[PDB]
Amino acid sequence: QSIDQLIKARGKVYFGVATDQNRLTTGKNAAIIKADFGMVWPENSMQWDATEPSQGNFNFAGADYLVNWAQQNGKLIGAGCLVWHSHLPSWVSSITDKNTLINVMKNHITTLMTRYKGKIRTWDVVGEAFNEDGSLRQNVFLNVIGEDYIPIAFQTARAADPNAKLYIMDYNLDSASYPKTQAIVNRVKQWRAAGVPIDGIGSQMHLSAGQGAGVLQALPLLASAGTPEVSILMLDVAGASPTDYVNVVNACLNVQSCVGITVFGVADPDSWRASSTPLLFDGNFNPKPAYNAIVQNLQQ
């Protein structure tokens, strides 16, 4: 039973998964994505270090493959991250002139979004912009440009492809009483009041066992920023307990602006934390108990 079909029947847009070329040609990933998921995201192939490893010299072979495959198989596409300290090649971090870095950032955003204009439902524009205490993270963009880099990034993205939904994403937004969760709400409200085109907040959700219950309170709090959409991104759950996964799905169903959920890969052995067996399919590509629990929850 397809969890994407079932979540669409409950009024949501998609159940998605991260993947890339060499996943689609190995294992049983392509068969499972075709049958059970409605949206694909490039795991790595759209990140800055993969797409612009030297200034102005773009690498699109891997991203092109994924976009083509998705179109051929009737899947939605999400993409990112346009601006994210974690995947930044060294040539960018060494820039010290404000105008140069603004131009570099704009060129990166505009080139990627133009190439796929009209084909991408959701773009993650800015990622991991916050410290755990809710202050802004001191990456090269904040240090050189200042806090205006976030408004500039979103304004540039909206002009490059007005059809795309534009998101800011971060992790550790999973507790309603954690400072980072209220801080991104505070800032996003302020930015949208200033006309910044932030369409969504994406929660990069890497949970430990038992943390699913708190998302029932955290996700409505993220929705109080007033963005048109919120999403769950890069989802995995240590231990893959049905209770944790069902709580995450119900948080999505409870929040009217939450459009869908993307899990961070298909099968456990291909996870960044495989020893925590945190995904919905096991190392033989069999659905795990959490997968069947989601199915039953969505049919209930």
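One-based numbering along the sequence shown.
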- Message: Going by the mean C-alpha B-factor recorded in the entry, which is higher: 200-208 or 82-90?
- Response: 82-90
- Could you check the entry and say whether 155-163 or 94-102 has the higher mean CA B-factor? 94-102
- Of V230, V144, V125, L76, which one's C-alpha B factor is largest in the deposited record? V144
- Can you work out whether the C-alpha temperature factor of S276 puts it in the lowest, middle or highest third of the chain? highest
- Task: Using the B-factor values recorded in the entry, state whether the Cα atom of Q5 falls in the lowest, middle or highest third among the modelled residues of its chain.
- Result: lowest
- Task: Name the third of the chain's ranked CA B-factors that contains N286, choosing lowest, middle or highest.
- Result: middle
- Grab the CA temperature factor for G27 from the record and place it in the lowest, middle or highest third of its chain. middle
- Message: Using the temperature factors of the C-alpha atoms in this entry, rank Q72 within its chain: lowest, middle or highest third.
- Response: lowest
